[PDB]
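S.K.: One structure, pasted below without further comment.
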2 protein chains.
Amino acid sequence: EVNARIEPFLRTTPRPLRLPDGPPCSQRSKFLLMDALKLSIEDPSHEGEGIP
Amino acid sequence: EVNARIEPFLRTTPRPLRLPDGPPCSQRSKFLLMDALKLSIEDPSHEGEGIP
């Protein structure tokens, strides 16, 4: 009964992964991604590390 | 001898003004004019009264 019997892996044996049920998942990123919006200035003459 | 006799003004009577002699005159303007030089920045995004 102590053995390593080999179930053969056929094109039929693997099922799709079961994803959990529940309320829909929430955004948990630090900052916004696709929703993010930016106020932009063109700063030409001053190049290099400034003051944020 | 008390009269207002009229010396007539002819094309011949007026001489060129005599300009004084001496060492050459010096610049006495507050700031430089044609000799002046400027360090320039393009400041687009910030319009209106800033800090000099």
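Naming works like this for the structure tokens: A, B, ... for the chains as they're shown, residue 1 at the start of each chain, ligands 1 onward in shown order.
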Under the rule of at most 9 Å, produce a per-residue listing of chain A near chain B: chain, number, name, the closest pair of atoms, and the distance in Å, as a tab-separated table, using only C-alpha atoms.
M.R.:
residue	atom	partner	partner_atom	distance
A:41	CA	B:45	CA	6.3
A:42	CA	B:45	CA	6.5
A:43	CA	B:45	CA	7.6
A:44	CA	B:42	CA	7.5
A:45	CA	B:41	CA	6.1
A:46	CA	B:41	CA	8.6
S.K.: What does chain B look like after a least-squares fit onto chain A on every Cα paired in order, written as an mmCIF file with N, CA and C atoms, in the first residue's frame?
M.R.:
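New file part-v5.cif:
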data_model
loop_
_atom_site.group_PDB
_atom_site.id
_atom_site.type_symbol
_atom_site.label_atom_id
_atom_site.label_comp_id
_atom_site.auth_asym_id
_atom_site.auth_seq_id
_atom_site.Cartn_x
_atom_site.Cartn_y
_atom_site.Cartn_z
ATOM 1 N N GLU B 1 0.133 -1.520 -0.364
ATOM 2 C CA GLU B 1 -0.707 -0.296 -0.389
ATOM 3 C C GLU B 1 0.214 0.929 -0.304
ATOM 4 N N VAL B 2 1.445 0.749 0.191
ATOM 5 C CA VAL B 2 2.540 1.763 0.134
ATOM 6 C C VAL B 2 3.215 1.653 -1.234
ATOM 7 N N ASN B 3 2.814 2.506 -2.179
ATOM 8 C CA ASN B 3 3.283 2.492 -3.590
ATOM 9 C C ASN B 3 3.267 3.917 -4.150
ATOM 10 N N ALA B 4 3.764 4.089 -5.377
ATOM 11 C CA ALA B 4 3.762 5.362 -6.131
ATOM 12 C C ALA B 4 3.140 5.115 -7.507
ATOM 13 N N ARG B 5 1.921 4.573 -7.525
ATOM 14 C CA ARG B 5 1.169 4.275 -8.770
ATOM 15 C C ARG B 5 1.032 5.581 -9.556
ATOM 16 N N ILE B 6 1.192 5.511 -10.880
ATOM 17 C CA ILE B 6 1.245 6.677 -11.809
ATOM 18 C C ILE B 6 -0.097 6.803 -12.542
ATOM 19 N N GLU B 7 -1.009 7.632 -12.028
ATOM 20 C CA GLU B 7 -2.180 8.137 -12.798
ATOM 21 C C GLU B 7 -1.625 8.853 -14.024
ATOM 22 N N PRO B 8 -1.944 8.404 -15.258
ATOM 23 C CA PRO B 8 -1.414 9.042 -16.458
ATOM 24 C C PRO B 8 -2.182 10.343 -16.735
ATOM 25 N N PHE B 9 -1.462 11.417 -17.069
ATOM 26 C CA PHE B 9 -2.022 12.756 -17.381
ATOM 27 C C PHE B 9 -2.398 12.793 -18.864
ATOM 28 N N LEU B 10 -3.703 12.740 -19.139
ATOM 29 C CA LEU B 10 -4.275 12.754 -20.508
ATOM 30 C C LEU B 10 -4.790 14.161 -20.801
ATOM 31 N N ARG B 11 -5.107 14.421 -22.073
ATOM 32 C CA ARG B 11 -5.714 15.681 -22.583
ATOM 33 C C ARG B 11 -7.067 15.925 -21.901
ATOM 34 N N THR B 12 -7.597 14.921 -21.192
ATOM 35 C CA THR B 12 -8.958 14.898 -20.600
ATOM 36 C C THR B 12 -8.899 15.110 -19.077
ATOM 37 N N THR B 13 -7.775 14.789 -18.415
ATOM 38 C CA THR B 13 -7.666 14.678 -16.929
ATOM 39 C C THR B 13 -7.691 16.036 -16.226
ATOM 40 N N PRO B 14 -7.110 17.132 -16.776
ATOM 41 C CA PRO B 14 -7.035 18.400 -16.045
ATOM 42 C C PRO B 14 -8.313 19.246 -16.154
ATOM 43 N N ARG B 15 -8.894 19.624 -15.011
ATOM 44 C CA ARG B 15 -10.111 20.476 -14.944
ATOM 45 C C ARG B 15 -9.689 21.929 -14.759
ATOM 46 N N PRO B 16 -10.528 22.913 -15.150
ATOM 47 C CA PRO B 16 -10.266 24.310 -14.816
ATOM 48 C C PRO B 16 -10.231 24.532 -13.295
ATOM 49 N N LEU B 17 -9.285 25.359 -12.832
ATOM 50 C CA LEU B 17 -9.147 25.806 -11.420
ATOM 51 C C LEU B 17 -10.479 26.412 -10.974
ATOM 52 N N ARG B 18 -10.902 26.134 -9.737
ATOM 53 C CA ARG B 18 -12.140 26.702 -9.142
ATOM 54 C C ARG B 18 -11.764 27.979 -8.385
ATOM 55 N N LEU B 19 -12.223 29.132 -8.889
ATOM 56 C CA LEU B 19 -12.024 30.478 -8.284
ATOM 57 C C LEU B 19 -13.133 30.720 -7.267
ATOM 58 N N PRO B 20 -12.820 31.320 -6.097
ATOM 59 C CA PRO B 20 -13.796 31.453 -5.017
ATOM 60 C C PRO B 20 -14.996 32.347 -5.371
ATOM 61 N N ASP B 21 -16.129 32.125 -4.695
ATOM 62 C CA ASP B 21 -17.340 32.984 -4.774
ATOM 63 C C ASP B 21 -17.388 33.896 -3.547
ATOM 64 N N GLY B 22 -18.064 35.033 -3.703
ATOM 65 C CA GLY B 22 -18.128 36.112 -2.704
ATOM 66 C C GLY B 22 -18.354 37.457 -3.382
ATOM 67 N N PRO B 23 -18.406 38.563 -2.612
ATOM 68 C CA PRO B 23 -18.605 39.883 -3.202
ATOM 69 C C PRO B 23 -17.374 40.243 -4.026
ATOM 70 N N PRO B 24 -17.478 41.149 -5.024
ATOM 71 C CA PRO B 24 -16.360 41.428 -5.925
ATOM 72 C C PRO B 24 -15.166 42.068 -5.204
ATOM 73 N N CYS B 25 -13.945 41.714 -5.623
ATOM 74 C CA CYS B 25 -12.656 42.158 -5.028
ATOM 75 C C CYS B 25 -12.483 43.669 -5.221
ATOM 76 N N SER B 26 -11.718 44.310 -4.332
ATOM 77 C CA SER B 26 -11.521 45.782 -4.267
ATOM 78 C C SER B 26 -10.085 46.156 -4.656
ATOM 79 N N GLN B 27 -9.890 47.387 -5.133
ATOM 80 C CA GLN B 27 -8.562 47.984 -5.438
ATOM 81 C C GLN B 27 -7.801 48.162 -4.125
ATOM 82 N N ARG B 28 -6.566 47.659 -4.070
ATOM 83 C CA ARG B 28 -5.690 47.740 -2.873
ATOM 84 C C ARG B 28 -4.305 48.274 -3.259
ATOM 85 N N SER B 29 -4.166 48.917 -4.421
ATOM 86 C CA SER B 29 -2.912 49.596 -4.844
ATOM 87 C C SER B 29 -2.783 50.905 -4.059
ATOM 88 N N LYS B 30 -1.546 51.348 -3.799
ATOM 89 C CA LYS B 30 -1.231 52.562 -2.988
ATOM 90 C C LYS B 30 -1.841 53.799 -3.653
ATOM 91 N N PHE B 31 -1.566 53.955 -4.944
ATOM 92 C CA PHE B 31 -2.015 55.085 -5.792
ATOM 93 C C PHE B 31 -2.870 54.537 -6.936
ATOM 94 N N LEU B 32 -3.695 55.402 -7.534
ATOM 95 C CA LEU B 32 -4.558 55.069 -8.698
ATOM 96 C C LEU B 32 -3.664 54.648 -9.863
ATOM 97 N N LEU B 33 -4.178 53.791 -10.746
ATOM 98 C CA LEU B 33 -3.428 53.305 -11.931
ATOM 99 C C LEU B 33 -4.062 53.882 -13.205
ATOM 100 N N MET B 34 -5.075 53.232 -13.782
ATOM 101 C CA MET B 34 -5.687 53.670 -15.066
ATOM 102 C C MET B 34 -6.627 54.856 -14.820
ATOM 103 N N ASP B 35 -7.138 54.996 -13.593
ATOM 104 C CA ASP B 35 -8.142 56.026 -13.214
ATOM 105 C C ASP B 35 -7.420 57.341 -12.893
ATOM 106 N N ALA B 36 -6.129 57.274 -12.547
ATOM 107 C CA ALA B 36 -5.296 58.427 -12.131
ATOM 108 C C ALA B 36 -5.462 59.578 -13.128
ATOM 109 N N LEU B 37 -5.382 60.813 -12.635
ATOM 110 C CA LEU B 37 -5.424 62.051 -13.458
ATOM 111 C C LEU B 37 -4.332 62.986 -12.956
ATOM 112 N N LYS B 38 -3.762 63.790 -13.852
ATOM 113 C CA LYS B 38 -2.568 64.618 -13.559
ATOM 114 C C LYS B 38 -2.782 66.032 -14.099
ATOM 115 N N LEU B 39 -2.406 67.032 -13.296
ATOM 116 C CA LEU B 39 -2.254 68.444 -13.722
ATOM 117 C C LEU B 39 -0.789 68.647 -14.111
ATOM 118 N N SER B 40 -0.540 69.031 -15.362
ATOM 119 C CA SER B 40 0.806 69.055 -15.985
ATOM 120 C C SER B 40 1.236 70.498 -16.250
ATOM 121 N N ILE B 41 2.526 70.782 -16.058
ATOM 122 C CA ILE B 41 3.209 72.028 -16.513
ATOM 123 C C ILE B 41 4.395 71.615 -17.392
ATOM 124 N N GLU B 42 4.688 72.405 -18.428
ATOM 125 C CA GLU B 42 5.926 72.301 -19.248
ATOM 126 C C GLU B 42 6.999 73.153 -18.563
ATOM 127 N N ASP B 43 8.070 72.525 -18.071
ATOM 128 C CA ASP B 43 9.164 73.184 -17.308
ATOM 129 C C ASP B 43 10.467 73.009 -18.083
ATOM 130 N N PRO B 44 10.748 73.864 -19.093
ATOM 131 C CA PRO B 44 11.874 73.640 -19.998
ATOM 132 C C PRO B 44 13.210 74.169 -19.453
ATOM 133 N N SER B 45 13.304 75.482 -19.203
ATOM 134 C CA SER B 45 14.563 76.215 -18.892
ATOM 135 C C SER B 45 15.217 75.632 -17.631
ATOM 136 N N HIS B 46 14.471 75.511 -16.524
ATOM 137 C CA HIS B 46 14.920 74.790 -15.301
ATOM 138 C C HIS B 46 14.948 73.288 -15.599
ATOM 139 N N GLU B 47 16.148 72.733 -15.765
ATOM 140 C CA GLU B 47 16.398 71.273 -15.811
ATOM 141 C C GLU B 47 16.938 70.849 -14.440
ATOM 142 N N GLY B 48 16.865 69.554 -14.116
ATOM 143 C CA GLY B 48 17.494 68.958 -12.920
ATOM 144 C C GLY B 48 16.658 69.141 -11.665
ATOM 145 N N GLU B 49 17.065 68.480 -10.573
ATOM 146 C CA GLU B 49 16.316 68.384 -9.288
ATOM 147 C C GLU B 49 15.924 69.786 -8.804
ATOM 148 N N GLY B 50 14.613 70.045 -8.704
ATOM 149 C CA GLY B 50 14.030 71.318 -8.239
ATOM 150 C C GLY B 50 13.447 71.178 -6.841
ATOM 151 N N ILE B 51 12.260 71.753 -6.609
ATOM 152 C CA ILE B 51 11.470 71.618 -5.349
ATOM 153 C C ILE B 51 10.082 71.097 -5.707
ATOM 154 N N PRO B 52 9.647 69.951 -5.135
ATOM 155 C CA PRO B 52 8.367 69.353 -5.507
ATOM 156 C C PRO B 52 7.167 70.206 -5.062
#
